[PDB]
Amino acid sequence: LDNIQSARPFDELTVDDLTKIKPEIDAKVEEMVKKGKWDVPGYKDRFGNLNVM
Amino acid sequence: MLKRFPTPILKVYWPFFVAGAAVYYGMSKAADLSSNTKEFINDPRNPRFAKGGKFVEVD
Amino acid sequence: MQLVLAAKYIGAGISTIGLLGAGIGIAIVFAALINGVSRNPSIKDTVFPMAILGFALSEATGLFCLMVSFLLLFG
Amino acid sequence: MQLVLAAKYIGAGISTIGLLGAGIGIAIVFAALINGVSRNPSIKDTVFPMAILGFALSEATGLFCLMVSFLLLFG
Amino acid sequence: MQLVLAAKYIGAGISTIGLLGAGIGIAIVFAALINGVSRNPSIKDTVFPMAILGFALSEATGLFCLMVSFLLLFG
Amino acid sequence: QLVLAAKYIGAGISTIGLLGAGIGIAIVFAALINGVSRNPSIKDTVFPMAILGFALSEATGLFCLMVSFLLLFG
Amino acid sequence: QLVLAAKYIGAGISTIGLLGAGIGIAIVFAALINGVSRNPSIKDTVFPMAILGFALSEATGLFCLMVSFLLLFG
Amino acid sequence: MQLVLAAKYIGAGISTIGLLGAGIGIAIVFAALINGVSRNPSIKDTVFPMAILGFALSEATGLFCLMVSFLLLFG
Amino acid sequence: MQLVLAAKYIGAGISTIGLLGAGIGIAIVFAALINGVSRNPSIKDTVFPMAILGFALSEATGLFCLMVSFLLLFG
Amino acid sequence: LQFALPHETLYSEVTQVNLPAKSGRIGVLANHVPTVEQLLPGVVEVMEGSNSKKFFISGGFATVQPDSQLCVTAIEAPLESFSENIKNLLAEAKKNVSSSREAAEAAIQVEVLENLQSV
Amino acid sequence: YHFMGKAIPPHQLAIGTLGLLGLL
Amino acid sequence: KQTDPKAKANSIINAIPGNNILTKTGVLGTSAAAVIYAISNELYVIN
Amino acid sequence: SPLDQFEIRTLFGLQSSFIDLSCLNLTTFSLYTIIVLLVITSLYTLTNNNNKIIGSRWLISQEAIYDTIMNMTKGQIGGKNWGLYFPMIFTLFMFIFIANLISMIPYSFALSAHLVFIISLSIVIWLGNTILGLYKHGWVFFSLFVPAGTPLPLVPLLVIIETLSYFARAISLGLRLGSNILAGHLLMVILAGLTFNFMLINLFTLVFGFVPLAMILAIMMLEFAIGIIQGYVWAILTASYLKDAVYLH
Amino acid sequence: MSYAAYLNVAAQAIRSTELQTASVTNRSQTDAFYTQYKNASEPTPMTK
Amino acid sequence: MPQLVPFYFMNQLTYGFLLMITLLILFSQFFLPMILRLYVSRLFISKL
Amino acid sequence: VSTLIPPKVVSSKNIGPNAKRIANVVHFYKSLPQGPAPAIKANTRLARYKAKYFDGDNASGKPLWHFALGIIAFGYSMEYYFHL
């Protein structure tokens, strides 16, 4: 139960904190920009895009 | 603050910039041709008066 | 000199008739939009960009006539 | 300056004609609204804002031809 | 001056052409109302307020024309 | 005199708007016919709306007609 | 200089032809909306025909605008 | 020859009024084209060259109109 | 004289307005042709000569419009 | 020939048929356009020159054929020589059930009933 | 993919008309 | 002077003086003056 | 003169006699460009509370604009590489969307109603389509000018009045936006000028003089719609034009 | 009932002391039962 | 029209194109990927 | 564009039971527990402006009214100084 032992500030977790704990996020975003894919695969299905139309 | 990401903005958008320079030059010559007309040769805020010449004023 | 400004204002008056070609234009576009949404309720999110596109890309031809009117009135 | 002020009145007269576009226009939008409600009375709260939007966007083209008449009357 | 005044009468004559838009349009609205009741009679009480709304909004663009006509008569 | 002649010109011009009523009254009566023919049982309900539409479009034409008479006489 | 004033009347009258162009683009996109709404699987098939017909109708409204520019500037 | 030279430009302006018929006409042709392909997807290869045929055949009127406009403007 | 030489050119500018009749008429003819072919494919060989027959005399009415412009443009 | 209930089939040559279609009443004739339409719960009628004979119906389908034969199909069906108090007492129990999936079926009864009253 | 006079099928034909109206 | 003005207007002046305000003697002591200056000097033209 | 609201006045000033340095100097147009840049900077810098994941209520706005322009340019150019032209299709939006809300503020000034800048921006995008199309597709770029399977005896007519519509595209795209913003602002100022002199005659007019005020309020309600819709229509036509220039039909 | 049956409630509200001699009174009484079937084993019984 | 034809053409166009190149570099390298970092982070916590 | 699509797909899928376990506990151990390093405020004359209007639960649209009032005042001062 080490997962619950470290407590959970997901309402206030910083994206800089994720970049610090995961450079994989920074590398994936950087290569995803370099190739040009502004789409995020599998985002739209569980999270509503909230485009006007 | 903000982490700058090196996005390719030159090997994609070069004809836009070349067109920008061309329209810049063509509008420069258009402005110089329009700034010497009969209506606007005596408007004192044109940049002719700041260098040398003064008041053709024959119309 | 009065004749130039007189015919200038007359031509600027003449060059606003073309907006009746845009009022009816926006009308027919939104009319087809209404009749297309009403007979198929799941087409709105596909037909709405074509509606906005056809709307402004049809007005443009009335706004050209209004710019001819402005270049007459003030130029 | 009697000629140019006589031409102003004629120009304001000519710039009235473009209102017939809006007069047919608002009607075509609301006629499609009625014929869309009669085919399907459940789509009212989806369709009717688009009818109000088309009303506004054609009334704008009507007022763009009214303002030229208001320029030629006074300004 | 007669030359200005006569032209003001001419512009007042010219202006009232745009009212045919409202004359066609109010009738288009009521005709779609008639064709809508004949398909479904139980929707008359819902639809008829928007029919009289369309009458009012189409009479508006005819009375702007009539306003410009009277301003080229008594002003 | 030029002004009285311009009165008759403008009175001639202002009768163009009567074609709006002359077409629109017919669109109302056409929808009336196509409604009665599709459904004969709704005739007594529908017919006063046709009378009302005739009256209102007649008023829109009569506005142009009275502007024509004002340019004639008054 | 009657010609300098009468070219402005010509530039005003020659702008009336856009009346057809606006109604034209409306009828094209109106038929496009009706065609998509009847058959939902025809948009990518028939949409370039709509863009083609729009381009042709504007250019044949644009003739009047270029004649107006030649009268007003030439 | 100031009167005739002015009437050149007036006639060149009034000439292109009839050119709006081609703008409506191309639209009616392509409107029926979209409306026909919308029913039958498999009729495209017959109807589309017939559609461009009707396009050019209706275009010829507006081109003749613009031709008379250029004849009045250039001679 | 210049007074009739102006009127020749102005009347030729007038007489091209009737060309919009042909420009819309060819469109209605080919529009119903396209609707008929898309509705029933196998009736094309019978239907198509009727459309050519309608186009022929509609374009001839366009030429009737245009010939008065040719007659008044050159004497 | 062509106008059938499942228990009892009815008609055979016709000069004018009136039907209560999906969208408002319609009238087929000597040559008519080939069409299918849902038949709403309402009156119908046959013709044989100047012959008036009206039936009620439950609803179903009409189908005008290319070969020109009209086919009309419904479930249950003479005019007033068929269906007042029989209607009335039932209309009572109908409206009652509506206030109750079960009461949705009663909604169907109100419209079908209200229609029959007019005959 | 046109076929003019049973020759080689021409590319798109668009440049030649512009070249004809260019020299005028 | 009024019925409930001596408490409601007092709380209004207190809330006008509750945010770091050294003008708690009169909250409108400088405002009502500058209004008169702007009106009499014609600083805002109705346009 | 109801059109005095578009006057350009020089403020900070700079001149010389050696070189014409009067091109760059802080001006009303220039100051409102600085304001547009600082607003667009403000919509993303201090919007994000301490780089939080959850994305506070301000960031939903700049989330929705991003998503409604991604899902718009994916449905237009939609090919192998649509995202390479996505920053331009977004920064053509946000300039026009912010510069037509700033212009609604009463004592302010329309960047968009200057035809010389917007027509220049349109000609820049048109030449940047033609140069990009020629570079990417050689001499067969002109295959764009023949529509589809067409009969050959009427192909050159359908090439001439296709190319005329191809270089009307240079000025039409700009002059649409210029005409909409200019006509809207000139309409509001002229109706304000008429209702002002309506309310200075005899005191019976300030009574029931609420209906022209309500008409001006209704036109201002309309004017946000006609200002945001044009910001969208610009970004849909210069997505369709990149579809034509990048992919040959 | 349904649409499938639409015209069997429009025919059975429109069923409900004349023609009902055998014919229709019986057209109104149906004695059917359905049962769903799972992994051999059933689900449960109910009137149609 | 008198107001949109001054000498200030090069002024207008200079600050306009500077702002366009500014917003282009600025949007593309800074502000669009700071939204896309939020996207990839939300999806990475979602996939876990 | 197939390769690009594959790259995006791979990123969504990623690479590599144990594959969830040595992901999630290794992610969780340096997740800072109590919302640590909070830094709820600062002093830079705008962070106090950002906290009162723009941060987490305040979030209100009053700065649009502040900004609109700023442009109204600035444009009125300029219009009065030049034309009035």
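For this deposition, the record names cryo-EM as the technique by which the model was determined and cites 3.6 Å as its resolution.

Student: Explanation requested: the overall build of chain L in the structure shown.
Tutor: A count of helical and extended segments in chain L gives 2 helices and 0 strands. Across its three principal axes, chain L shows a C-alpha extent of roughly 40 × 30 × 15 Å.

Student: In this structure, what is going on with the packing of helix 2 (residues 19-37) of chain E against helix 3 (residues 43-72) of chain F? I would like to understand it.
Tutor: Each pair of packed helices gets described by two things: the angle between the helix axes and the distance between those axes. Close contact between helix 2 of chain E and helix 3 of chain F brings their axes to 9 Å; oriented N to C, the two are set at 175°. As judged from the angle between their axes, helix 2 of chain E and helix 3 of chain F are roughly antiparallel. Contacts from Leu19(E), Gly23(E), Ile26(E), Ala27(E), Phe30(E), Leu33(E), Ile34(E) and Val37(E) in helix 2 of chain E reach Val46(F), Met49(F), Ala50(F), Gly53(F), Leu56(F), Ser57(F), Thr60(F), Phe63(F) and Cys64(F) in helix 3 of chain F. Within the contact of helix 2 of chain E with helix 3 of chain F, the residues separate by chemical class into 13 nonpolar, 4 polar and no charged.

Student: Mind showing me how you'd approach the interface of chain D and chain C here?
Tutor: One widely used convention gives an interface's size as the accessible area the parts lose upon coming together. Taken together, the contact pairs 40 residues of chain D with 37 residues of chain C. Among the residues of chain D in contact with chain C, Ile14(D), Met50(D) and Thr61(D) are the three that bury the most area, contributing 17% of the side total. Linking chain D with chain C are 0 salt bridges. At the boundary of chain D and chain C, one finds 3 residue pairs in polar contact. Elements that contribute at least two residues to the side of chain D that touches chain C include exactly helix 1 (2-14), helix 2 (19-39) and helix 3 (44-73) of chain D. Looking at the side of chain D that touches chain C, the element that brings in the most residues is helix 3 of chain D, giving 15 residues.

Student: Got a minute to help me understand the side chain of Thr61(D) in this structure?
Tutor: For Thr61(D), the position within the fold is in helix 3. For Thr61(D), the side chain forms a polar contact with the side chain of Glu59(C), separated by 2.5 Å. Ignoring any residue separated from it by four or fewer positions in sequence, one finds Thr61(D) in contact with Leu19(C), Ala22(C), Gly23(C), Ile26(C) and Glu59(C).

Student: Just to check I follow, could you spell out the packing of aromatic side chains for this structure?
Tutor: Geometry of an aromatic ring pair is reported as the spacing of the ring centres plus the angle between the planes. Scanning the entire structure with this criterion turns up 50 aromatic pairs over all chains. Here the aromatic rings of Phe117(M) and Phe17(O) are separated by 6.3 Å at their centres, their planes lie at 55°, and the arrangement is tilted. One end of the pair, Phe117(M), is in helix 4 (residues 115-137); the other, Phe17(O), is in helix 1 (residues 9-47), on a second chain. Overall, the relative accessible area of 12% leaves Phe17(O) in the buried class. The structure contains a cluster of three or more aromatic residues connected by ring pairs, namely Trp38(A), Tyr43(A), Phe47(A), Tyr44(M), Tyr66(M), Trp82(M), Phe86(M), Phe90(M), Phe27(O), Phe30(O), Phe31(O) and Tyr39(O). Stacked on the ring of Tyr9(E), the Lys or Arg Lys8(E) has its end atom at 5.3 Å from the ring centre. The ring of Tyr9(E) is capped by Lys7(F), whose NZ or CZ atom sits 3.8 Å from the centre of that ring.

Student: Sorry, what's going on with the sheet that holds strand 6 (residues 60-64) of chain J here?
Tutor: For sheets, the rule is that strands pair by backbone hydrogen bonds, running either parallel or antiparallel. All names here are of chain J. Pairing is antiparallel in the open sheet, where 3 strands are placed in the order 3-6-7. Strands at the two margins of the open sheet, each flanked by one partner only, are strand 3 (36-39) and strand 7 (70-74). The sheet shows a mean angle of 15° between the axes of neighbouring strands, direction not considered. Examined bridge by bridge, strand 3 and strand 6 share 4 bridges and lie antiparallel to one another.

Student: Would you explain the UniProt feature "transmembrane region" in chain O in this entry?
Tutor: Following the UniProt record, the feature "transmembrane region" maps to residues 13-32 of chain O here. Regarding residues 13-32 of chain O, the helix share stands at 100% and the strand share at 0%, and the terminal C-alpha atoms are separated by 26 Å.

Student: How should I be thinking about the pairing of strand 2 (residues 25-29) of chain J in this particular structure?
Tutor: Across a regular strand the side chains alternate sides, sitting on one face of the sheet and then on the other. Residues and elements named next belong to chain J. With 5 bridges joining them, strand 1 (residues 16-20) and strand 2 adopt antiparallel strand pairing. Bridge assignment links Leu 19 to a residue of strand 2, and that residue is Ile 26. With antiparallel pairing between neighbouring strands as the criterion, strand 1 and strand 2 make up a hairpin whose turn holds 4 residues, including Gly 24 at a positive phi of roughly 65°.

Student: Explain the interface of chain P and chain A here, please?
Tutor: Opposite the 13 residues of chain P that make contact, chain A presents 18 residues. Where the side of chain P that touches chain A is concerned, the elements lending two or more residues are helix 1 (5-13) and helix 2 (18-28) of chain P. Looking at which element gives the most residues to the side of chain P that touches chain A, the answer is helix 1 of chain P, with 5 residues. Taken together, the residues of the side of chain P that touches chain A break down into 6 nonpolar, 5 polar and 2 charged.

Student: Teacher, can you tell me more about the arrangement of the chains here?
Tutor: What separates chain C from chain K at the closest point of their C-alpha atoms is a distance of 27 Å, and the two make no contact. Structurally, chain I and chain L remain out of contact, their C-alpha atoms never closer than 48 Å.

Student: Whenever I open this one, the pattern of salt bridges confuses me. Can you help?
Tutor: All told, the structure shown has 9 salt bridges over all chains when counted by the stated rule. In this structure, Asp43(B) engages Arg45(B) in a salt bridge whose closest nitrogen and oxygen atoms are separated by 2.7 Å. Judged by its relative accessible area of 14%, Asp43(B) is buried. Owing to a relative accessible area of 47%, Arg45(B) belongs among the partly exposed residues under this scheme. For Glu7(M), the salt bridge goes to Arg9(M), with nearest N and O atoms at 2.6 Å.

Rules behind the numbers
- These residue numbers run from 1 along each chain by written sequence and may not equal the entry numbers. Residues without coordinates are not shown.
- Each chain gets a letter, beginning with A, and each ligand a number, beginning with 1, in the order they are written.
- Any value reported refers to the chains on display, which are one part of a larger assembly.
- Computation of side-chain values covers all heavy atoms of the structure but excludes hydrogens and water.
- Residues with missing side-chain atoms are left out of burial classes, side-chain pairs and their counts.
- Strands are runs of DSSP state E lasting at least two residues, helices are runs of H or I lasting at least four, and both sets are numbered from the N terminus onward.
- To get an axis, a line is fitted to the C-alpha atoms, and for a helix only the part in contact is used. The angle between two axes follows their N-to-C directions and goes from 0 to 180 degrees.
- Angular relationships are summarised with four words: roughly parallel below 35 degrees, roughly antiparallel beyond 145, roughly perpendicular across 65 to 115, and oblique for the angles in between.
- Pairs of residues are marked as contacts when any of their non-hydrogen atoms sit within 4.5 Å.
- Residue type decides the class: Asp, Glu, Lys and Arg count as charged, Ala, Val, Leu, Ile, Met, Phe, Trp, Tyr, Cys and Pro as nonpolar, and the leftover types, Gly among them, as polar.
- Buried surface area refers to the total accessible area, computed with a probe of radius 1.4 Å, that the two partners give up upon joining, counted for both partners together.
- Salt bridges are defined by distance alone: a side-chain nitrogen of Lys or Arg within 4 Å of a carboxyl oxygen of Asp or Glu.
- Think of a polar contact as two N or O atoms within 3.5 Å of one another; within protein, one of them needs to be a possible hydrogen donor and the other a possible acceptor, and neighboring residues in sequence only count if both atoms come from side chains.
- Geometry of aromatic contacts follows a simple scheme: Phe, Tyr and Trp rings, the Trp one being its six-membered ring, pair when their centres are within 6.5 Å, and the pair is stacked under 30 degrees between planes, edge-to-face over 60, tilted otherwise.
- Buried residues are those whose accessible area, probed at 1.4 Å on protein chains only, stays under 20% of the maximum for their type, while exposed residues exceed 50% and partly exposed ones sit between those limits.
- Charge over a ring is defined by NZ of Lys or CZ of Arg lying within 6 Å of the ring centre and within 35 degrees of the ring normal.
- Paired strands, in this sense, are two strands between which DSSP finds at least two bridges.
- UniProt positions are given in the numbering used here, feature names are shortened, and annotations may be inferred rather than shown by experiment.

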